[PDB]
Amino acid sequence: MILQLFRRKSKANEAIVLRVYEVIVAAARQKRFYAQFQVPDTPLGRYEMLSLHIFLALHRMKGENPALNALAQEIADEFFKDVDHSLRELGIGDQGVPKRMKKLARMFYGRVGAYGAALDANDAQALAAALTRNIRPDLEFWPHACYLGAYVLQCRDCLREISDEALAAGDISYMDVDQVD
């Protein structure tokens, strides 16, 4: 029976990873970020939204639960495959860019760490400052940074309330940004 069970759960795992990743990608594509909030609709701005939503998932999943730690590894794997391809779309290959993937991973984990510290401290000012630094560094004041920060705080709250069991089964959700006010 154990081979049958291992195979069934391995197949199910692939279906779970696909649906979880698709939910994250859809959340990052919500139109309000690029219309009202003035997140740039550019290769880099779209990366800032994907990385923000991937961060939120990893931040929730990190802990002592083996199933959630494994799902986090899967989502990180899919994210870095995605970003690899996005860089190649801009002519950023390995030619003249040694250690490209190692540098990208440092770009991700280093820049989203400020989001984690701000969320753990429930510090909305720190969160808006980190979002401005990462997404609209051209502006000393970004009028919609506090709006995006409110959305990020509410997503953290929602993700935390989902049970470990439901999340490991693929039942992830984010807030509808259009309902933020």
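Quick note: we count residues from 1 along the sequence shown, nothing fancier.
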item: Entry-level comparison of average CA B-factors, 102-110 and 88-96, reporting the higher stretch; value: 88-96
item: 66-74 versus 135-143 - greater average Cα B-factor per the deposited record; value: 135-143
item: Third of chain Cα B-factors occupied by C158; value: highest
item: Chain thirds of CA B-factor: placement of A166; value: highest
item: Ranked against its chain, the third holding the CA B-factor of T42; value: lowest
item: Modelled-residue ranking by C-alpha temperature factor, third containing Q36; value: highest
item: Record-listed C-alpha B factor of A117: chain third; value: highest
